[PDB]
Structures are given as C-alpha cells and as structure tokens.
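In what follows, a structure is listed as structure tokens, so that the remarks can point back to it.
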Amino acid sequence: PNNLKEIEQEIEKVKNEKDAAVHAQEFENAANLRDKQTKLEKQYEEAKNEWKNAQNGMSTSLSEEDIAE
Amino acid sequence: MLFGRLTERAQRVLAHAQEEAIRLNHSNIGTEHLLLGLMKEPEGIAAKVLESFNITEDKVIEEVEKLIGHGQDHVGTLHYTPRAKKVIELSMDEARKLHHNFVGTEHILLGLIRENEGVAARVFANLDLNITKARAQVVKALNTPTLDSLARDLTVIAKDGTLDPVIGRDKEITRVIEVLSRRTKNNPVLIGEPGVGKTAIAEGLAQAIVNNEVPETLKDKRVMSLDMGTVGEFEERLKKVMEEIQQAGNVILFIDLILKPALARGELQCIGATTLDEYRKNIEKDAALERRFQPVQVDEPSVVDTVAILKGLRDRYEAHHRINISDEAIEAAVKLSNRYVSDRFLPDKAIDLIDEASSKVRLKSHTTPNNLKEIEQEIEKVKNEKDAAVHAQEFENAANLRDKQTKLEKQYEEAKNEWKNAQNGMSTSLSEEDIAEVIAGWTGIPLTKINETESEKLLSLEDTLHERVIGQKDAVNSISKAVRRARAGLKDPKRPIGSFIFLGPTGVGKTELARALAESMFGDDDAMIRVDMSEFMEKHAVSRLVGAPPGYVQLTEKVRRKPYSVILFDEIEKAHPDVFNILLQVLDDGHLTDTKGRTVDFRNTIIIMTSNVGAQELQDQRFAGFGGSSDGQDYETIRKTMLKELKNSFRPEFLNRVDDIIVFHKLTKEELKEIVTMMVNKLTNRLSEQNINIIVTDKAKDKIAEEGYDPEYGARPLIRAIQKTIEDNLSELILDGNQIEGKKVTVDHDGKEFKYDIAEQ
Amino acid sequence: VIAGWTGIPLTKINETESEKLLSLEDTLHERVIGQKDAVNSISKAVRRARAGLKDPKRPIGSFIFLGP
Amino acid sequence: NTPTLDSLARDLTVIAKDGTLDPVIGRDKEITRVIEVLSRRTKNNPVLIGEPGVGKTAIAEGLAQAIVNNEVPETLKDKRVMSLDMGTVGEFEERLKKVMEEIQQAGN
Ligand SMILES: Nc1ncnc2c1ncn2[C@@H]1O[C@H](COP(=O)(O)OP(=O)(O)O)[C@@H](O)[C@H]1O
C-alpha cells in the first residue's frame with residue numbers, strides 16, 4: 001500500500017551510503033548510518049505487520065463484476 | 001540502478017553543476033560545469049586524490065576559463081550535453097570494475113578524465129594527469145549444477161544493471177505472472193512471429209524480480225533459460241535436470257520446441273516461445289498438453305507506443321555517439337521506417353535506423369577539414385629531409401630544418417585546439433533529413449519523393465495523374481475525390497483505401513492509369529501486383545492465391561511483403577464464383593488470414609478490378625446512329641445506365657460494397673496527337689547522354705497517328721507504329737559511327753513518307 | 001592471347017561491333033534462305049535495343065517463333 | 001598486449017603499418033561502410049559476404065590501411081587488426097577459450 005515501498009527504498013540507499021563510508025574509512029559517519037538503518041528496519045517490521053494484520057480483517061471474495069471484466 | 005547508487009556527495013556535485021551553468025549563462029550543462037562543482041566538495045575520496053597531486057580549486061578555475069566560452073542562454077530545459085551523459089556512463093561502468101555497488105565523487109573524477117573529448121578532459125591532460133596515473137592513486141587511498149550445465153540464468157544478469165530497460169511490455173509482464181498464479185494452465189506460451197521480441201519478455205520479467213515489483217508469490221525465483229541448440233544420451237540429461245528443479249522449487253524454465261508427465265504433475269512452469277504454426281501442429285492435437293498451456297499473444301507495439309520506447313533509449317544512445325538527438329527526429333524516424341521497411345516490425349527496426357543515422361553524421365563531422373592534414377604533411381617532409389642531412393653531415397643545414405620543423409609543430413597544436421574549440425561550440429544535433437537519406441539508400445526511392453509531406457501531394461493528385469495519363473478527365477476527378485476522402489478519415493479505417501471497377505474499351509489506358517496512381521501515391525511505378533483471372537476459373541483456383549491448404553504443397557505472400565501496393569484484378573467478369581466470396585470479405589473486413597494463421601493487412605492497398613462487360617454496351621451507343629454517339633450525355637447518367645448491365649452479371653451485394661464505378665471513354669484523333677507527344681518526351685530523356693532533341697511536326701504526328709488508328713484495339717498499335725518508323729531510322733544514325741552527336745533531328749511528313757531532316761542542336 | 005585461349009577468330013576480335021549489325025541481314029540470309037519478313041523484323045529490332053532505346057536491364061532479345 | 005592472440009592468430013595491422021603490401025584501391029565504398037558500422041552501438045559487428053574469389057581477404061587490408069593513414073576517427077583509434085587462422089584450429093576448444101580471455105580484457 002505505497003508505504004513499505006518507499007521505506008524499503010530508504011533502507012537500500014542507506015546501505016549504499018554506509019558502504020561508501022566503509023570504503024572511505026569515514027567511520028564517524030558510518031556509525032551514525034548503522035544506527036539509522038536499525039531505526040528504519042525497526043519501523044519497517046511494525047509497518048509490515050500491521051498491514052498484513054489489517055488484511056485479515058476483510059475477506060476478498062469474487063463477484064459477477066470481476067468475471068464480467 | 002542510477003538513483004539508488006549515487007551517494008549524497010555525488011548528488012551535491014550535480015546540484016553544484018546546475019548552478020554553475022546559471023552563473024556562466026549556458027542553456028546546456030557541459031562537462032566543464034561538472035569540474036567546477038567537483039572542487040566545491042572537498043570531503044570525498046576524489047578530493048584526497050587531487051590533494052596528493054597538489055591540485056587546488058583556484059588553479060583549475062583559471063585553467064578552464066581559458067577556453068570556457070560564453071554566450072546567450074535560454075532558461076528552462078537545462079539538459080546535459082551529449083558528451084556529459086557519456087561521463088556518467090563511464091563513471092558508473094568504472095564502479096563495477098572495482099566491484100562497487102555505489103557511485104561517489106571518487107568515480108565522477110575517474111570518469112571525467114576518460115571522456116578524452118570534453119573540456120574537463122583537456123584540463124587534466126594539461127596537468128600531466130592521465131587515466132593510469134589516477135587509477136592506481138585512488139586504489140591505495142581506498143544449486144542444481146546439472147541444470148546450470150546446459151542453461152543460462154537471466155535475473156543474475158539483470159541484477160548487474162547492464163541490461164537496457166525494457167519498456168512497453170508492462171501489459172505483458174503482468175499478464176505472464178497472472179497465468180502463473182493459477183492451478184490449471186499455469187504454463188503460459190508466448191505466440192507470435194519470430195523476431196518481434198519474444199525473448200525480450202523474459203528480460204522484462206527478470207528486471208521486475210530484481211526491482212521487487214512481483215508479489216510475494218513470485219518473489220526470489222531463479223529465472224532460467226535453456227537453449228534449443230544444447231541438445232539415449234540426450235534423454236539421460238533431462239531426467240537429472242528435472243529432479244534438481246523439483247528440489248529447488250523456484251526455478252522458472254524458458255524454452256523455445258519425456259517431459260509430458262512432468263507438466264501433467266505440475267513439476268515445471270516452462271514458458272515456451274514457439275511459433276503459431278508449430279503450436280497448432282505439435283501441441284493443439286495433444287489434449288493433455290492443451291489443458292496445461294495458456295497461449296499469450298505477443299504483438300508489435302503501436303506507432304505511438306514506439307515513440308515512448310525510443311525516448312527511453314534516447315539518453316543511452318546520446319552517450320555512445322555523443323550526438324544530440326531531437327524529439328522531432330525520433331518521431332520521423334519511426335514513422336518512415338514503418339512506412340517503407342516491412343520486414344522486421346517495431347521497435348527492433350527503428351532502433352537501428354537511428355543508430356546508423358547518428359553514426360553517419362558522427363563520421364562526417366569528426367574527420368579533419370583539411371586543416372591539420374596540410375600541416376601534418378609539412379611536418380613530415382621536413383623530418384625526412386633533416387634525417388638525410390644528418391647522413392650528409394650537414395649540421396648547419398639541419399639547424400635551419402630544426403627551427404622550421406619546431407615552428408610547424410608549434411602551429412599544429414594551435415590549429416588543433418581552435419578546431420576542436422569550434423566543434424564544442426555548436427551542437428551536433430540530428431535532423432530528420434539525415435534519417436531520410438539513410439532510408440532512401442535502402443530502397444532507391446528519390447530523396448525528393450520521401451521528403452514529400454503527403455499533404456499537398458493528395459491535393460495535387462489530379463494534376464500528377466494527368467502527367468502520365470491523357471484524356472478521360474472524368475475518371476481522374478472521381479478517383480481523386482474518392483482517395484482523398486478515405487485518407488481524410490471519412491471512411492472506416494479497417495476498410496481498404498479504395499475499391500473501383502474499370503470499364504470501357506480495352507487497351508485505352510486502363511493499365512496505364514493504375515501505374516500512374518501507384519507511382520504518385522506510393523512513390524514507385526512498379527509497386528503493383530497484377531493478378532489476372534485467366535488461371536482462376538475452377539473451384540480449386542481459390543486454394544492458390546490464399547496458399548496451399550494443409551496436406552498439400554500466392555497472393556497473400558505478395559501483399560504481405562509489400563503492404564503499400566495497388567492490386568489489379570483483370571478479367572474479373574470471368575472468374576470462379578468462390579473467388580468473389582473472398583473479394584467481398586476483403587472489402588468489408590479489410591484483412592485476411594492464410595492457412596498458416598498469419599493475418600495480412602489491406603488498410604494500405606487500393607483494389608482495382610477490370611471487367612470487359614459494359615464495353616459492348618458503350619460501343620452500341622456509339623453505333624446507335626450513323627455519325628452520332630452519346631458522349632454529350634451527363635457522366636452520372638452514363639454511370640447509371642452501365643450500372644444496370646453491371647448488376648445483371650454480378651451480385652448487387654458485391655456492387656454496394658464497391659466505393660465507385662469508373663467507365664472509360666473512347667479516343668479521338670485530336671487526343672491521339674497528344675499521346676505521341678508524351679512518348680516523344682519519354683524517348684528524348686531515354687538517350688539523355690547524347691543530348692539530342694527531336695521535334696516532330698503536326699502533319700507528321702497526324703500521319704503516324706492514323707497509321708495505328710484502330711478503335712477496336714484502342715491506342716495499342718500507336719506505340720508499335722513509332723517503334724517501326726522513328727526508332728528504326730534513329731538507331732541506324734547512331735550505328736553509323738555516331739552520325740549525330742548532340743544534334744537536333746526534325747521529322748516532317750513531306751506527303752510521301754517522314755522526311756528525316758538532319759541538323760544540329 | 002585471347003584468340004589462343006578459347007579459339008576466337010582474330011577477325012572477330014578486330015571487329016568494332018559497329019558494322020556487324022549492318023551486315024546482319026546478309027549473314028542471316030546466308031544460312032536462312034527466304035522468309036525475308038522474319039529476317040528484316042529482327043534485324044531492325046536489335047539495333048534499337050543496342051542503341052539504348054530499350055531499357056538496359058531488360059534483355060536485348062525476346063521473341064517467340066511460330067511455324068513447323 | 002594479448003601475447004597468446006599474437007601466436008595463435010596472424011596480425012595484419014603490423015604489415016599495414018610497414019606498408020609492404022600493395023594498397024587496396026577501388027574498394028572505397030566497402031571501407032567507408034565498415035567503419036560506419038563499427039561506430040554504431042547495436043549490431044556493430046559487420047560480416048563480409050561475397051562470392052569466394054572476389055578477394056574478400058584483401059578487403060580487410062584496406063581497413064587497416066586507414067588506421068595507418070590515421071583517417072579513421074578517434075573511436076577506431078588503437079585497434080589491432082587480428083585475423084584468426086583455421087590451421088591452428090575438447091582440445092580444439094582449449095585454444096579459443098584461452099585467447100578470448102586476453103581479448104576481452106584488452107578491449108582494443
Ligand atoms: N497517356 C495516355 N492516355 C491514354 N492512353 C494511354 C496513355 N498511355 C498509354 N495509353 C494506352 O493504354 C494502353 C494500355 O493497354 P492495356 O490496358 O494493358 O490493354 P489490356 O486492357 O488489353 O490489357 C496502351 O496500349 C496505351 O496505348
């Protein structure tokens with residue numbers, strides 16, 4: 001639902017940014033990025049779990065409209 | 001994988017370069033703008049590399065300001081120069097060389113020096129810095145094996161990002177995964193003609209897997225393809241492979257003709273790509289296989305769709321050739337390639353057309369314009385002379401030669417620098433005219449014919465037809481109005497361009513008019529497929545034009561290869577009735593399907609049928625009275641009367657589907673005079689090398705016109721009369737050791753025969 | 001050299017191919033006595049094609065003969 | 001410098017550099033077409049097609065001639081003209097696999 005998409009993208013760019021710091025020996029910034037990534041993943045798990053939890057709230061059923069299409 | 005790899009420092013470099021162009025008043029961001037913004041971020045690895053080289057920000061500011069160049073600019077559409085985009089491709093490529101998944105400022109400087117043509121490239125060269133010196137400087141500062149034996153993974157390659165972004169297949173990528181998520185018939189088979197890009201579908205799906213767009217049900221699956229050429233011994237290999245795939249559980253097979261039980265048990269999810277003809281012959285007959293495959297049709301993208309596809313790849317080609325490509329150039333390229341080339345479909349044929357167009361203009365504007373070649377010869381000749389002087393112990397003479405040669409080399413660099421500075425001043429954009437040149441060579445069509453805008457050509461069709469056809473203006477007006485209505489859009493697009501019936505005396509211009517129409521519309525005289533009903537009289541004749549029926553060993557093949565042509569059906573009044581049934585289908589449906597299932601098109605064709613009926617009715621009007629005729633009646637009145645005879649022999653249902661009916665008149669003495677006039681002009685241009693002008697008097701023209709005068713045979717004998725009279729005498733003059741050379745020959749009938757007055761031009 | 005390669009007569013080589021056509025009528029009647037109409041018709045046709053009146057791509061000679 | 005390619009294949013750009021053989025004259029369109037194809041991005045690998053006996057091998061000499069003349073653009077600069085010999089070619093495929101490693105790395 002257009003939420004875990006962008007959140008996952010931020011995790012990707014953060015990981016690349018940390019890799020650049022590691023190869024450049026900029027460990028001062030790398031330490032901050034490591035904690036930031038953990039923050040992103042922590043909220044990522046909660047956001048995904050609540051989404052699938054709400055998915056079970058409603059049941060997807062077919063209808064003659066779908067077959068008509 | 002561009003935005004996802006550029007680090008924050010690299011992103012700030014692009015932002016700095018954008019405002020550098022604003023300060024310098026440039027409407028396009030050049031390579032030199034990247035260098036200016038690069039020095040404003042002294043934190044990256046590249047900053048350390050230049051630091052060890054004692055290269056400061058201000059030193060390169062004045063270095064680039066020597067040949068910066070200044071001019072006017074337009075706010076908006078501040079794109080990158082064709083060379084600038086090549087730098088980004090180079091820097092990203094160098095990242096994979098070092099096995100880096102990120103692109104930073106350390107790679108921006110690495111790629112800048114590899115351009116070798118840009119402004120920034122020369123700045124580094126002037127500081128005795130090359131690619132090799134900076135290369136090592138930054139280095140120190142920094143499973144189903146049997147299945148894999150005869151196959152190739154695809155999503156692994158797509159992970160690298162080297163694959164071009166497949167566009168326009170989104171409706172089919174979703175379609176394929178839709179078929180997969182089914183309990184039955186979960187094995188889609190792509191059906192289409194070869195070369196339309198069926199293999200490109202697999203790459204698009206694998207790209208979505210890497211990009212994380214497929215749902216969880218289609219997440220983390222190894223895309224695998226098996227080549228048909230990899231094949232007792234053959235049977236042993238496949239048995240081992242299928243067992244391994246069953247263990248993995250996420251291997252998607254890709255094939256292109258034992259294994260039937262494997263698919264019946266739901267063990268494999270192969271995606272075939274065989275042709276329609278083979279599918280109906282080897283798969284359709286098998287009921288078990290039929291219940292396990294869902295064919296998916298693969299079609300050529302539309303013209304408007306191809307525009308978007310080419311725009312996506314436009315940036316990629318702008319880097320390789322360093323050639324600016326305009327938007328209007330792309331739309332012209334695809335439309336013209338589809339219009340004339342009809343052998344490879346879109347977009348695989350439009351991509352190469354713009355590829356050769358960019359390369360062609362690249363070579364012409366790259367070679368030295370005879371400014372450094374002359375100087376190079378001067379340097380070379382002095383060197384050889386000086387070497388010979390050394391062997392002669394001419395030390396004093398060699399001293400003068402040394403000074404001269406040094407001066408020549410001094411001017412050589414100056415001329416090269418100013419020549420390339422001027423080259424960088426302008427943009428080597430691509431024009432649609434250049435594209436028209438390449439396609440013109442591919443077909444031999446004159447560039448003027450291709451350059452026609454198709455708008456005024458339709459308006460002036462009446463005049464153009466009169467050039468090659470003389471007389472019967474009523475026929476010309478009716479057909480010209482008919483075709484311009486269909487092209488204007490007033491007719492159903494699926495219906496053919498036009499359908500007509502030609503009547504009147506035989507050999508009066510019926511064939512010539514069709515040739516003239518084909519030349520004027522389609523730009524070629526021989527763009528006609530003449531078909532005569534002489535061979536089509538029996539019922540079995542229908543199995544000839546449509547192709548051989550199954551179990552056995554024409555027209556559909558010809559029209560498919562030339563979608564833009566004029567089809568002529570002579571002797572339509574004498575044909576098998578079953579052939580008429582096919583004709584009615586073509587007029588309304590607008591397309592046909594052969595025995596092989598391939599569908600031909602008729603929306604770019606004009607159908608003309610020649611019938612011998614009604615001609616005897618017309619001559620009955622000519623012989624109704626002794627010395628009179630019915631030419632003074634209204635043209636529509638004659639059309640109504642002839643329609644009665646036309647419906648007498650044919651079916652009224654067929655006639656109602658015909659756009660218009662054309663009836664040709666007779667020929668008179670005055671008309672025949674102008675007929676020979678055209679042929680004289682044609683023959684004059686025939687021997688254009690000799691440059692000989694022939695003028696025939698009116699009396700001589702009338703003398704030969706009546707010689708071939710035969711209303712029964714029309715104007716057919718007229719051509720033969722000229723061949724036996726003027727050609728025979730003229731040829732003998734040339735055979736006599738070129739008797740006439742650039743002279744003028746006048747033919748005047750003196751009362752007995754044609755007096756061949758021999759004179760000069 | 002060419003005469004000794006394929007046995008071509010030297011006189012034929014010396015011909016300029018400009019008067020052979022002029023004497024075609026005499027040569028044809030040497031082996032085909034009579035039927036003058038069949039000889040003059042084809043003799044006056046080859047000159048037109050060789051002069052360049054006909055299309056160069058199309059073959060010079062194209063005829064169908066009738067009779068026993 | 002692809003040492004294995006030099007041994008298992010014949011090098012022609014060196015011969016063209018010395019100019020010992022007669023220059024190719026008359027094949028102006030063929031040479032200009034090949035360089036045009038090599039400057040393309042897609043399908044930029046031309047293949048010479050002709051009847052056996054029109055000296056297609058001699059045509060390849062003209063391409064190397066332009067390099068020595070320094071007439072080809074910067075894109076074609078520094079490209080050794082190497083021709084494989086069928087005399088040298090399991091064990092058959094060992095040689096081709098060994099040579100292709102150096103060719104890809106060199107890139108010129
Ligand atoms: N400009 C012209 N105007 C009128 N008639 C022409 C013109 N040019 C050629 N023709 C005539 O058109 C005729 C075409 O004959 P054609 O229709 O093929 O005969 P058939 O109908 O028996 O096949 C030629 O014999 C020629 O004399």
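Ordering of the structure tokens sets the chain letters (A, B, ...); residue numbers start at 1 within each chain; ligands are numbered from 1 in the order shown.
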Next item on the list: Please provide the set of residues having any atom within 10 Å of residue 483 in chain B, restricted to only C-alpha atoms, with same-chain residues fewer than 2 positions apart removed, written as a PyMOL selection string.
Entry: chain B and resi 458+461+478-481+485-488+491+497-499+521+606+659
Please dump the current selection as a PDB file, in the first residue's frame; keep N, CA and C atoms.
ATOM      1  N   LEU B 458      -1.707  14.860 -52.014  1.00  0.00           N
ATOM      2  CA  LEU B 458      -3.087  14.435 -52.215  1.00  0.00           C
ATOM      3  C   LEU B 458      -3.911  15.526 -52.886  1.00  0.00           C
ATOM      4  N   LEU B 461      -3.190  15.578 -56.678  1.00  0.00           N
ATOM      5  CA  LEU B 461      -3.204  14.269 -57.322  1.00  0.00           C
ATOM      6  C   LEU B 461      -3.806  14.345 -58.720  1.00  0.00           C
ATOM      7  N   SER B 478     -13.132  11.615 -60.387  1.00  0.00           N
ATOM      8  CA  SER B 478     -13.861  10.741 -59.474  1.00  0.00           C
ATOM      9  C   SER B 478     -12.913   9.985 -58.548  1.00  0.00           C
ATOM     10  N   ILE B 479     -11.848   9.402 -59.102  1.00  0.00           N
ATOM     11  CA  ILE B 479     -10.938   8.608 -58.281  1.00  0.00           C
ATOM     12  C   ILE B 479     -10.161   9.500 -57.321  1.00  0.00           C
ATOM     13  N   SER B 480      -9.784  10.702 -57.763  1.00  0.00           N
ATOM     14  CA  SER B 480      -9.048  11.609 -56.889  1.00  0.00           C
ATOM     15  C   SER B 480      -9.895  12.030 -55.696  1.00  0.00           C
ATOM     16  N   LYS B 481     -11.179  12.308 -55.927  1.00  0.00           N
ATOM     17  CA  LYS B 481     -12.067  12.644 -54.821  1.00  0.00           C
ATOM     18  C   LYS B 481     -12.257  11.456 -53.888  1.00  0.00           C
ATOM     19  N   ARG B 485     -10.973  11.276 -49.730  1.00  0.00           N
ATOM     20  CA  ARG B 485     -11.938  11.097 -48.651  1.00  0.00           C
ATOM     21  C   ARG B 485     -11.473  10.028 -47.671  1.00  0.00           C
ATOM     22  N   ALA B 486     -10.979   8.902 -48.191  1.00  0.00           N
ATOM     23  CA  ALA B 486     -10.543   7.814 -47.324  1.00  0.00           C
ATOM     24  C   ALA B 486      -9.367   8.234 -46.454  1.00  0.00           C
ATOM     25  N   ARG B 487      -8.387   8.923 -47.040  1.00  0.00           N
ATOM     26  CA  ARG B 487      -7.233   9.360 -46.266  1.00  0.00           C
ATOM     27  C   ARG B 487      -7.586  10.472 -45.286  1.00  0.00           C
ATOM     28  N   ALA B 488      -8.614  11.269 -45.582  1.00  0.00           N
ATOM     29  CA  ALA B 488      -9.042  12.303 -44.650  1.00  0.00           C
ATOM     30  C   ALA B 488      -9.669  11.724 -43.390  1.00  0.00           C
ATOM     31  N   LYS B 491     -13.742   7.554 -44.027  1.00  0.00           N
ATOM     32  CA  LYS B 491     -14.059   6.148 -44.220  1.00  0.00           C
ATOM     33  C   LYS B 491     -13.576   5.335 -43.023  1.00  0.00           C
ATOM     34  N   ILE B 497      -8.156   1.322 -48.680  1.00  0.00           N
ATOM     35  CA  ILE B 497      -8.118   2.721 -49.093  1.00  0.00           C
ATOM     36  C   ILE B 497      -9.188   3.000 -50.140  1.00  0.00           C
ATOM     37  N   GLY B 498      -9.336   2.108 -51.113  1.00  0.00           N
ATOM     38  CA  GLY B 498     -10.349   2.298 -52.132  1.00  0.00           C
ATOM     39  C   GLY B 498     -10.595   1.037 -52.923  1.00  0.00           C
ATOM     40  N   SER B 499     -11.788   0.969 -53.510  1.00  0.00           N
ATOM     41  CA  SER B 499     -12.175  -0.128 -54.385  1.00  0.00           C
ATOM     42  C   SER B 499     -12.877   0.454 -55.600  1.00  0.00           C
ATOM     43  N   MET B 521       1.071   7.873 -55.565  1.00  0.00           N
ATOM     44  CA  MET B 521       0.731   7.664 -54.162  1.00  0.00           C
ATOM     45  C   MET B 521       1.871   7.002 -53.399  1.00  0.00           C
ATOM     46  N   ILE B 606      -5.019  -0.332 -52.520  1.00  0.00           N
ATOM     47  CA  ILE B 606      -6.131   0.096 -53.360  1.00  0.00           C
ATOM     48  C   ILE B 606      -6.465  -1.054 -54.296  1.00  0.00           C
ATOM     49  N   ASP B 659     -16.597   1.176 -53.722  1.00  0.00           N
ATOM     50  CA  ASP B 659     -16.630   2.609 -53.447  1.00  0.00           C
ATOM     51  C   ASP B 659     -17.216   3.385 -54.620  1.00  0.00           C
TER      52      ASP B 659
END
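Based on only C-alpha atoms and all ligand atoms, the protein and nucleic acid residues found within 7 Å of ligand 1 are, by chain and then by number, residues 468, 469, 470, 471, 506, 507, 508, 509, 510, 511, 512, 675, 714, 715, 716, 718 and 719 of chain B.
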Notebook entry, point to check: Can you tell me, as a list in words, what residues are no more than 7 Å from residue 83 in chain D when counting only C-alpha atoms, ignoring any on the same chain fewer than 2 positions away?
Noted result: residues 9, 10, 11, 81 and 85 of chain D
Please identify every residue of chain A that has at least one atom no farther than 8 Å from an atom of chain B, counting only C-alpha atoms, and for each give the shortest atom pair and the distance in Å to one decimal, arranged by chain then increasing number, as CSV.
residue,atom,partner,partner_atom,distance
A:12,CA,B:4,CA,7.3
A:13,CA,B:4,CA,5.8
A:16,CA,B:102,CA,5.8
A:17,CA,B:7,CA,6.0
A:19,CA,B:102,CA,7.5
A:20,CA,B:102,CA,6.7
A:23,CA,B:142,CA,6.1
A:24,CA,B:142,CA,6.0
Export of the given selection (N, CA, C and O atoms) as a compact mmCIF listing (two decimals), in the first residue's frame:
# COMPACT_ATOMS: atom_id res chain seq x y z
N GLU A 12 17.61 0.76 1.24
CA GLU A 12 18.58 0.48 0.18
C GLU A 12 19.62 1.59 0.07
O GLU A 12 20.82 1.33 0.07
N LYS A 13 19.16 2.84 -0.02
CA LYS A 13 20.09 3.95 -0.19
C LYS A 13 20.96 4.14 1.05
O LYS A 13 22.13 4.53 0.94
N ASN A 16 23.79 1.60 0.82
CA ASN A 16 24.82 2.05 -0.11
C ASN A 16 25.64 3.18 0.48
O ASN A 16 26.87 3.21 0.32
N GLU A 17 24.99 4.11 1.18
CA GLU A 17 25.71 5.22 1.79
C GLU A 17 26.69 4.72 2.85
O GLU A 17 27.82 5.22 2.95
N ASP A 19 28.10 1.78 2.86
CA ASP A 19 29.18 1.11 2.14
C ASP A 19 30.22 2.12 1.67
O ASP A 19 31.43 1.86 1.74
N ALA A 20 29.77 3.27 1.17
CA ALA A 20 30.71 4.31 0.75
C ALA A 20 31.55 4.79 1.92
O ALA A 20 32.76 5.01 1.78
N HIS A 23 34.27 2.06 2.77
CA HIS A 23 35.38 2.05 1.82
C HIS A 23 36.22 3.32 1.90
O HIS A 23 37.40 3.29 1.56
N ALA A 24 35.64 4.43 2.36
CA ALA A 24 36.36 5.68 2.52
C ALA A 24 36.93 5.85 3.92
O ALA A 24 37.52 6.90 4.21
Next item on the list: Show which residues sit within 10 Å of residue 63 in chain B, as a ChimeraX atom specification. Count only C-alpha atoms, and ignore same-chain residues fewer than 3 positions away.
Entry: /B:58-60,66-68,120,122-124,126-127
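Between chain B and the candidates D:54, D:38, D:67, D:99, the tightest atom-to-atom separation, counting only C-alpha atoms, involves D:38.
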Notebook entry, point to check: Using the chain letters and numbers from this document, which residues of range 275-375 of chain B does DSSP assign to strand (DSSP E or B), as a ChimeraX atom specification?
Noted result: /B:294-297,324-325
Output file for the residues above (C-alpha atoms, as a compact mmCIF listing (two decimals), in the first residue's frame):
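As written to disk, part-v6.txt reads:
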# COMPACT_ATOMS: atom_id res chain seq x y z
CA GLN B 294 -2.31 -20.86 -21.85
CA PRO B 295 -1.12 -19.14 -25.05
CA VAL B 296 -0.41 -15.41 -24.80
CA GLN B 297 -0.30 -13.32 -27.96
CA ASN B 324 22.36 15.33 -29.72
CA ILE B 325 19.05 13.75 -30.74
